[PDB]
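Shown here is one chain on its own, the form deposited in one PDB entry, set out as structure tokens.
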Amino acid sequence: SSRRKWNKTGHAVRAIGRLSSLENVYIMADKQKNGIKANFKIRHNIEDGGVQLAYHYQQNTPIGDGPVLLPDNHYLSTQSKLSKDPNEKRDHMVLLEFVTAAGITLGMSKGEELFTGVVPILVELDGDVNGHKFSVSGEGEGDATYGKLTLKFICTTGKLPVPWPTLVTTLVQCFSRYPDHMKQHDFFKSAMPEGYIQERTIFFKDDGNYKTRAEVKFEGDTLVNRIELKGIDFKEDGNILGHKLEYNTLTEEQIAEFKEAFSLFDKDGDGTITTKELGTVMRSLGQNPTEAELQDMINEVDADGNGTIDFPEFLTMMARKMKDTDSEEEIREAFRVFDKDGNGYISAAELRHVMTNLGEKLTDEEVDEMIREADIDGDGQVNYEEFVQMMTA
């Protein structure tokens, strides 16, 4: 029973750790400066084990003179993916991010209209850390409907004197997705096109700090983020100047596939799936759930409780990994949806029917090429074994 004592005590201590390790961006109004303030912590993994904490303090204020939206307390949730470009010989970072706003319970600007489509982005940074001067240039696109950013950054001075992950937060929160009931709390878009000034201090525990000032604004059709950074008090042999942090190089391909699938449900392209939209899709495939049943389905996956499914919630649902036998049954059920006449073979006619009903457009010849790619035995249709290979390999 000594072991029972160790276990029970260890569980309680670990519970406290799981509860307190949140990396969300917590935002409040700053009415005195006609803007907002924020605070949060980032946990950077150290190579070969450990974490380097980075404590962030933030303030934003408008550049122009027009009225802006000042929010109730809330937070932003972010997922980032870092990678490398096989063809690029300069020191660089490729970045993909999804961000959503939450923390205000369902009971509920001109700049918002500037973000309804895909917007080009330019980022320019001049830095000086412990006297080491450097510059960074980036370009890409933002798609606020999905809370999505995609950019590539290059060090334009040679070798970057600090780790790329430490610069991610410095290198456009106007691209966050604010849900319908939170539109009156989106300070960032409300300040456009004239823009805002964003300032931070970032404290690296047991090491130095960065101080940053940036201007974020439209220049023509392009959203531009221009930044100055100064770092002081860094240790030559610490995790930053010593380059001891992990560069975390699920896949981009898969996420893009899931985005395309999401769009088949999201008929009006506003970035969320309503009961009306889900029902339209289900009826097109021959299932006719009631309004209450549709709402029961949505409720299960509705993380922020606003009653509709956004892309990150859809992504979470589809990313959940299954027991190999549960995944097997899921594929059998999918096969039955395609095989409309139940004869054990999916015909070209059946495949076209399912695709066009979902809302996809393609020619008969394109449908035939799909059957060809899957049709191992050459009989002109797709049997169950062929379907499994197509879906899982």
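Note that residue numbering follows the sequence shown and begins at 1. Rigid core (definition): largest C-alpha set, two forms, superposition within 1.5 Å. Only residues modelled in both forms are compared.
One more form of this protein exists, namely the form deposited in another entry; it is left out here, but the text below deals with it.
Answer among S135, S263, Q79, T116 for the CA shift between the shown form and the other one that reaches 2 Å or more, rigid core superposed | Of all the options, the C-alpha that shifts by at least 2 Å belongs to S263.
After fitting the rigid core, is the C-alpha of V301 off by 2 Å or more between the shown form and the other one?
-> Passes the 2 Å threshold, so yes.
For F335, is the C-alpha shift between the shown form and the other one 2 Å or more after core superposition?
-> It does, since the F335 C-alpha is displaced 2 Å or more between the shown form and the other one after the core fit.
Take the rigid core as the frame of reference and indicate whether the C-alpha of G344 shifts by 2 Å or more between the shown form and the other one.
-> Comparing the forms between the shown form and the other one, which are aligned on their rigid core, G344 does shift its C-alpha by 2 Å or more.
Could you tell me whether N39 and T316 have their C-alpha atoms closer or farther apart in the other form than in the shown form, knowing the shift is 3 angstroms or more?
-> Distance between the C-alphas of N39 and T316: shorter in the other form, by 3 Å or more.
Cα distance between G269 and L76, which in the other form differs by 3 Å or more from this form, closer or farther = They are farther apart; the C-alpha distance rises by 3 Å or more in the other form.
For residues common to both forms, which consecutive runs of 3 or more show C-alpha displacement of 2 Å or more between the shown form and the other one upon rigid core superposition, listed in sequence order?
-> Runs with every C-alpha shifted by at least 2 Å: 8 to 23, 250 to 303, 305 to 357.
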